[PDB]
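Just so we're aligned, residue 1353 is where the sequence shown starts under the numbering used here, counting upward by one. Note that the Cβ used here is the ideal one computed from N, Cα and C, for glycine as well. Okay, structure first, notes after.
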Amino acid sequence: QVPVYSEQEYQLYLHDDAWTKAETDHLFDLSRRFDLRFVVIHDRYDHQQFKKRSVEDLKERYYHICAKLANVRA
Ligand SMILES: [Ca+2]
C-alpha cells in the first residue's frame, strides 16, 4: 500500500528543493491508482505541469519519502 503523509508531515520532513508538494501529491496519487507500476506511473505522469522525470527519479522520490515516514513515525 501507498503511504499517506499529512500536510504537517510534508512541511516538516518531505521537502525537496527540486519537487513541489503538488508534484509529490501527483506521484502518490498515481502510485495508488496504478498499483505501484512505475512504467505506468511514468507513462501517465503530467509531464505538462511537471518536469520530465525518469522512472528512476520517480522511484527515488517515492521511496525516500517512505523511509522518512517510517523513521519519523517511530
Ligand atoms: Ca492501489
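When distances are taken from the beta-carbon of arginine 1384 to the heavy atoms of ligand 1, the shortest one is below 8 Å.
Ligand 1 has a heavy atom closer than 8 Å to the beta-carbon of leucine 1388. Of all alpha-carbon atoms in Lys1404, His1416, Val1356 and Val1424, the one lying nearest the alpha-carbon of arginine 1384 is that of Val1356. Between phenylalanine 1386 and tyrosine 1414, the gap from beta carbon to beta carbon reaches 9 Å or more. Under DSSP, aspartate 1368 forms a beta bridge with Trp1371. With a cutoff of 8 Å, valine 1354 counts as near ligand 1, since its C-beta is closer than that to a heavy atom of the ligand.
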